[PDB]
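Residue numbers (full-length UniProt numbering), protein chains in the order written: chain A, 22 to 136; chain B, 1 to 439; chain C, 1 to 36, 47 to 439; chain D, 1 to 428; chain E, 1 to 428; chain F, 310 to 360.
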Ligand SMILES: Nc1nc2c(ncn2[C@@H]2O[C@H](COP(=O)(O)OP(=O)(O)OP(=O)(O)O)[C@@H](O)[C@H]2O)c(=O)[nH]1
Ligand SMILES: Nc1nc2c(ncn2[C@@H]2O[C@H](COP(=O)(O)OP(=O)(O)OP(=O)(O)O)[C@@H](O)[C@H]2O)c(=O)[nH]1
Ligand SMILES: Nc1nc2c(ncn2[C@@H]2O[C@H](COP(=O)(O)OP(=O)(O)O)[C@@H](O)[C@H]2O)c(=O)[nH]1
Ligand SMILES: Nc1nc2c(ncn2[C@@H]2O[C@H](COP(=O)(O)OP(=O)(O)O)[C@@H](O)[C@H]2O)c(=O)[nH]1
Ligand SMILES: [Mg+2]
Ligand SMILES: [Mg+2]
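In structure tokens:
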């Protein structure tokens with residue numbers, strides 16, 4: 022009564038398909054009578070250990086529900102962004118404009134604004 | 001989320017639905033009384049039953065289906081049979097007095113008292129759940145409520161829903177094997193709605209299933225239970241890519257645009273290839289390239305028309321199980337190598353391929369075998385034009401002497417509807433001609 | 001790459017595809033269950059380590075299928091190849107070709123079209139039937155007619171039993187055995203004839219077994235068809251195939267008629283003496299006073315000689331024994347072949363079969379010569395078709411379904427031209 | 001400071017790109033939980049070209065994953081390295097494209113394109129300086145080819161001076177797997193010739209002949225064909241992240257390559273691809289790596305480039321090698337073969353070297369060829385579109401929602417010239 | 001430095017070809033895995049001629065094995081040494097050869113000629129220089145003739161300067177192994193004369209001659225017949241490969257032997273052969289070695305040398321040996337009889353003496369001899385072929401292959417002038 | 310380069326192990342299922358006789 026004993030399996034199959042004895046709702050193998058209607062032959066026997074599916078690949082949707090709850094992302098923020106710098110320094114900060122913003126090297130001959 | 005609704009009509013369509021809902025219940029873990037039988041055991045990764053079941057408040061799954069009949073006796077075997085504790089008791093709609101092999105009864109005078117019930121019960125089902133890929137109805141041509149109420153259901157269901165897709169499943173009369181003399185009068189005249197108001201209308205003959213069992217299987221004298229089990233493995237292969245994931249998966253939208261060229265050429269065939277007796281599955285291989293060469297064999301079609309006379313417009317292939325994608329592409333180019341397998345001059349591509357990882361399940365007591373591989377070959381073919389050529393000849397031979405007409409004309413049917421149906425099918429014998437010649 | 005997919009047509013064809021497949025299935029280790047890559051020449055594979063021999067059991071008489079299937083080898087020859095007709099053809103080319111022959115082509119198409127997919131590179135078709143029976147002369151004919159249209163240049167060789175001039179089994183048999191070869195000269199590549207009188211001759215004087223059954227004659231054909239197609243399957247000193255002698259034994263598309271002879275026909279009373287040397291076994295081939303078609307070659311042309319060998323073979327004694335054949339002149343010299351030989355060597359010695367007929371054998375050689383001796387002994391059946399087509403006998407069952415009387419003389423002029431060209435080939439080049 | 005953003009499009013791109021982050025994170029040394037446990041020290045020095053920072057020293061990759069069906073996003077999140085992606089960065093619709101390019105361009109996908117760009121503007125805000133975006137899609141289906149194009153023509157308009165890069169699965173000639181392929185592929189090249197700075201041609205039939213004849217595999221599934229593309233996308237931009245001698249970035253490979261601004265359809269290939277039986281038998285030297293780059297088998301597009309002249313040729317070598325063996329071995333190609341090379345460019349070869357090899361090899365390369373044989377699959381796609389469109393085979397599934405028919409004969413106007421433009425530059 | 005590429009085809013070409021690189025690796029000393037097993041360092045100088053330095057101390061065959069039938073591939077991989085062989089160098093066809101030149105040269109040679117030629121152009125391009133070249137194949141069988149001589153002409157266009165050469169096997173002219181082998185062998189040597197530069201031909205009748213009467217060893221298999229060739233055909237390339245006192249090339253011996261580049265037909269055979277019973281009776285001196293190549297007791301090929309005059313002779317040696325009695329032995333065979341030597345040209349010999357002998361033998365040698373005796377085996381072919389071309393029987397196979405009856409008459413006049421060319425060079 | 314060599318051989322060993330495992334267990338499970346078929350067939354025959 023244990024399908025991993027009888028057949029090999031993929032180890033992620035659920036316990037319902039692992040243990041076939043729990044499907045108690047099927048018909049109970051009545052000995053035949055003459056008044057035996059033919060449409061009652063549908064689903065007349067319970068599944069056994071041989072008929073259980075070896076592998077199972079169902080489509081989970083838990084992550085998709087828990088992400089698409091509400092609405093998708095959309096930008097409703099004010100326009101916040103810093104225009105960055107071309108040179109790599111943490112002290113040197115020049116852009117397309119304001120090219121004269123840097124720490125001046127200490128010229129000895131004259132103050133640095135005189136070229 | 002990705003659901004479908006299965007609407008069953010008539011005595012043929014109910015006994016398909018006794019076979020389908022047996023077989024979807026085996027594919028999940030569901031017992032015949034609901035009750036997902038896990039008892040205090042933990043599990044994670046599920047919701048492969050949203051496409052055909054609904055998990056309710058008590059933990060009991062109830063499917064989405066309405067069962068429509070105009071006969072009381074067929075449905076009341078379900079109400080007392082094993083599956084009585086599964087269907088909601090409003091969803092087994094029962095008529096009162098039957099159509100009795102009559103389009104005019106099933107479409108003009110008896111379905112008027114019942115159509116108000118079913119369109120309330122469908123709208124209860126669809127408002128309940130998110131999306132809708134499409135309905136999958138089941139009917140039969142050769143009977144009254146199977147083709148009368150079905151012709152009234154489809155005119156009303158295409159108005160108020162529209163853009164949601166439909167499918168259609170048919171039981172088509174044979175050349176030889178018939179059960180009624182009313183059979184041509186209503187298999188001609190049911191096409192005024194299965195042309196305008198169906199998006200795909202699949203075609204199944206009783207005669208080839210009567211012959212495919214005696215030749216592939218070691219079975220003789222097969223009854224109607226064995227016909228229902230085979231068509232249950234088609235509907236559980238078209239919709240298998242919705243539930244169980246795969247490398248290449250087709251939804252109901254996907255193969256609709258790859259298979260019908262023009263909007264009046266929606267009459268494809270279907271075949272199931274690895275049909276084999278469970279003794280014979282021990283013997284042969286049934287490889288990945290064996291079972292695709294079998295789809296085009298004239299002995300293993302579904303409607304008795306010779307496939308070596310028409311030209312194939314399109315093909316959709318629905319593989320199931322452990323299939324690798326290199327072996328599929330080795331198979332298809334071998335078919336285009338052979339030059340007795342005919343494709344239309346404006347279609348060099350030819351094919352649509354789907355692959356699912358779920359193996360085809362077995363049914364207890366079923367004469368089908370357990371095989372790791374399966375395929376269901378959909379095709380639109382010019383050879384089905386030669387299948388109405390044995391039904392127009394059985395209609396005008398009837399109609400000239402005006403036999404069996406006085407029943408229809410006394411029920412609100414006018415005589416201008418008979419000959420209007422004959423020209424609307426003799427028009428379609430040119431639509432399947434005019435796209436046949438080369439340029 | 002080595003696979004000879006076959007198809008059986010006939011009670012004769014399926015009895016031969018029982019008792020030659022005895023040695024075919026004891027050459028490999030398949031016991032009759034079908035369970036456990048030389049086997050892949052014949053046997054397919056399932057998923058689960060089970061086989062099918064790539065063959066079809068076509069026959070219209072419904073007795074041979076059940077009688078073969080009720081043997082030991084029940085589930086070995088698997089039951090979906092078993093193609094059975096409802097009523098037999100019964101010495102009638104018209105029944106077996108037209109009114110019943112057209113009924114099961116839709117079956118034989120499945121069972122020969124699906125077999126092509128299961129080999130790496132398909133070699134060709136050996137086929138099994140007979141000539142003195144109508145459904146073995148008809149479906150084989152229509153099989154060749156459809157299949158060489160559809161496929162074409164694949165290898166096609168025939169196995170059959172030809173009426174030896176002393177004794178036969180049906181009355182007007184020179185009719186039905188001469189109509190059915192209007193397509194074997196068209197849609198096939200080669201042909202084997204083995205008459206059972208030439209085996210009744212040898213099965214007393216070379217094995218000391220008086221009173222041999224046809225199921226004892228069904229095993230020396232197995233000891234031919236072992237060494238003929240067994241060179242494909244096992245890497246010998248020179249790995250020779252059947253497309254090889256398809257090319258090599260055919261000088262004209264008319265004269266494809268080889269002569270089959272196998273060396274070890276020795277008793278257990280005789281096995282105390284033969285040394286199994288290459289000289290004595292190739293003598294047991296090329297002395298045709300004890301071979302498998304009953305025609306003495308001493309008025310024939312000694313053209314093309316394929317020699318296959320299985321076992322404990324040394325090339326220096328092979329090239330000494332074929333040189334020893336070239337010494338003596340009692341096998342004379344055809345003009346346009348100076349040497350005209352072939353050496354094939356295989357390293358699996360043949361399997362001694364339980365319930366078999368002879369003792370321990372180490373060494374095997376089989377020969378296929380092209381010789382015009384049986385081509386000129388075709389003239390006896392050709393001349394005695396005329397003695398029964400002088401007086402309009404038995405034609406009425408034929409003519410009802412399509413053997414109209416024009417074809418009966420069409421085949422006559424077609425096959426008188428064959429002897430008229432045999433005479434010009436036998437005129438010295 | 002030069003960083004890029006890796007957009008993923010469609011269902012074919014989500015098999016490529018989900019395998020792309022299991023190759024980069026192997027290289028940069030990140031666990032599936034997102035925390036650095038690596039060996040060397042310069043390995044995370046340039047981690048910010050691709051990745052990003054979070055709290056507590058955990059690294060998240062940056063991307064945006066689009067689809068029109070919600071099934072793929074659950075498959076990516078349950079992958080082996082599927083934990084590290086941010087859950088905000090997945091965007092997906094509710095109804096699939098159904099292999100319809102028109103649905104994925106007008107009616108089913110245009111609701112989504114206003115929500116992908118809000119993710120993209122959030123990732124492009126975080127930069128120091130963008131080198132350029134990056135996209136991965138498929139030219140055979142509906143939601144990769146429609147909406148994945150509609151991302152391109154709207155990103156390019158609002159970021160006009162960035163180096164857009166794409167990776168395209170070009171449809172096969174005849175071994176094909178969709179009936180309505182040529183309507184899907186000819187309607188995408190119409191918008192892909194004028195909006196991409198480079199675009200790569202990845203045949204799915206040259207990606208099987210590699211896996212049979214030079215790797216000798218037995219069951220080549222999709223799990224490793226995503227890996228063969230995902231080694232080329234890492235190989236082009238190794239110069240961006242890691243140091244070396246003669247580095248060449250994602251942009252300096254574009255300038256040297258495209259001579260006229262409509263001819264940017266390349267054909268790539270990866271140099272050491274060795275069967276596992278012959279791993280013992282390959283000799284590690286620079287000339288033996290070069291004969292694999294120019295072999296006709298390791299072309300990974302649908303046309304053999306011996307039927308014409310290469311226009312410009314790249315070679316991005318990786319590892320430790322003398323750069324005399326690099327610049328001599330490319331010269332010996334241009335003299336032994338001379339008719340197969342355009343003679344109004346006097347040197348057709350761009351080279352590059354970096355010092356950090358792929359994990360598990362001594363050295364590797366990435367060939368890029370702008371061959372003139374690429375007109376050939378442009379003819380075979382266009383001939384299977386002018387046979388459908390003679391008598392309007394499948395047209396009513398596309399026309400019925402708002403695309404008129406003249407945007408189909410406008411496509412071949414913008415397609416049959418591009419066949420000719422390779423022919424006039426083929427010779428003289 | 002000098003390298004050699006190898007092309008090899010078919011079944012009989014493989015069986016001779018599997019044994020050759022088995023006994024190549026004896027003197028090179030290579031592991032059955034492939035790593036170094038050298039016993040001295042003078043044996044490891046120009047091992048690079050045949051082997052590429054695969055890493056690990058490894059070495060590989062620079063050799064291409066092709067076959068159109070995989071059923072004789074397993075005779076090669078399951079050999080005693082068949083683990084050296086590279087799997088990329090294997091390429092295998094699915095259609096059978098059919099024991100036919102015309103099927104193998106026109107029909108089934110057509111599909112795989114590009115696949116072999118691109119691989120051979122791959123391996124030969126990485127050479128700094130290709131010194132010599134060879135092919136091991138047969139003439140009595142189909143794809144060894146068909147695919148064997150087709151591919152010599154296809155590289156002949158691309159590589160015309162480097163020296164190609166042929167190790168071929170005439171089928172046995174005494175007892176046949178196919179009935180009509182004048183159709184197979186003569187239609188394949190018709191391609192072979194202008195395909196190649198030189199021709200080596202051994203026949204099995206000279207091989208069965210030695211083990212019967214001379215070696216006193218009964219029962220030889222094809223592993224014994226492959227031991228009088230696979231050291232012989234490595235026995236001419238000695239002085240290039242292992243360094244010697246008087247070192248010589250492979251091309252330069254092919255340069256020094258002739259003043260007129262028209263004709264080229266040799267016959268190989270190994271010199272130090274005597275019975276294992278006579279192993280200790282008969283090891284005396286180096287004159288005992290020279291009294292074997294000169295005498296026809298050693299038959300090299302099927303043609304008998306006593307029939308006609310020799311325009312030249314050549315005698316190579318391995319190992320340290322004398323000089324004055326090298327001068328003696330070329331004089332004492334001149335004085336007693338001068339019918340072998342031509343009476344016009346006095347000087348014929350090319351005595352290349354090496355330093356390194358093989359293991360187990362001290363004074364090794366190999367004989368290549370040009371005379372007018374190759375005429376004899378073709379003359380009975382000109383008694384064989386004209387008996388079968390006057391009736392035209394098996395040509396019914398050959399009409400539908402793709403050719404007419406005019407290639408048959410024209411090719412025989414491409415040989416019947418050479419028989420006339422040999423017989424008037426022999427005269428005067 | 311040698312550590313690459315052992316990684317190659319390790320992948321060879323893993324591949325042949327997995328192939329033989331799949332062959333062995335799937336043939337055993339086929340035998341089990343066919344014994345189930347024989348049992349159910351004989352039970353249904355007894356049902357026929359009883360009716
Ligand atoms: N394939 C298949 N066809 C069936 C089956 N049962 C009935 N049919 C078909 O159904 C046809 C009868 O039409 P129905 O749909 O039953 O019409 P009806 O129910 O008899 O109409 P009313 O008697 O007025 O209720 C027959 O011709 C059969 O071909 C079945 O189980 N399988
Ligand atoms: N040697 C040999 N001959 C056989 C065998 N089976 C049948 N025959 C020969 O076949 C001839 C008549 O049998 P068939 O050819 O099968 O004729 P048939 O029974 O009418 O054939 P079908 O009607 O098609 O079944 C007789 O001459 C037998 O000699 C066999 O197993 N071995
Ligand atoms: N290279 C590669 N191609 C794939 C993969 N999966 C699917 N494809 C290709 O994608 C094409 C169809 O893609 P499709 O699913 O329609 O893409 P979509 O329209 O974005 O959903 C086919 O030609 C397949 O060859 C994969 O993992 N790798
Ligand atoms: N010396 C030698 N000869 C061989 C070998 N294999 C085959 N042969 C010769 O090849 C000739 C024809 O052999 P065959 O198999 O038909 O040629 P193939 O088809 O090209 O391999 C015969 O004369 C054989 O003696 C071998 O290993 N060594
Ligand atoms: Mg009804
Ligand atoms: Mg019979």
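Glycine included, every Cβ here is placed at the ideal spot set by N, Cα and C.
- When DSSP states are grouped into helix, strand and coil, residue 61 (chain E) belongs to the strand group.
- If you keep only unbroken beta strand (DSSP E) runs of at least 3 residues inside the segment 6-67 of chain E, you get 63-67.
- Beta-carbon to beta-carbon, residue 133 (chain D) and residue 86 (chain D) are separated by about 18 Å, too far to satisfy the 8 Å threshold.
- Judged by DSSP in its simplified three-state form, residue 63 (chain C) adopts strand.
- An exposed status is given to residue 344 (chain D), since fewer than 16 other beta-carbon atoms sit within 10 Å of its beta-carbon.
- One residue list follows from the rule of a beta carbon closer than 6 Å to any heavy atom of ligand 6, given in chain order as C:11, C:69, C:70, C:71, C:98, C:99 and C:145.
- Secondary structure in the segment 186-225 of chain C: the alpha helix (DSSP H) runs of 4 residues or longer, each lying completely within the stretch, are 186-189, 207-210 and 212-215 in chain order.
- Counting only runs of 3 or more residues that sit fully inside the segment 258-312 of chain D, the beta strand (DSSP E) segments are 265-270, in chain order.
- Those residues of the segment 51-66 of chain C placed with their C-beta closer than 7 Å to a C-beta in chain B are 54, 55, 56, 57, 60 and 62, ordered along the chain.
- Assigned with DSSP and collapsed to three states, residue 358 (chain C) falls in coil, not helix or strand.
- For residue 183 (chain E), the enclosing alpha helix (DSSP H) has its first and last residue at 181-195.
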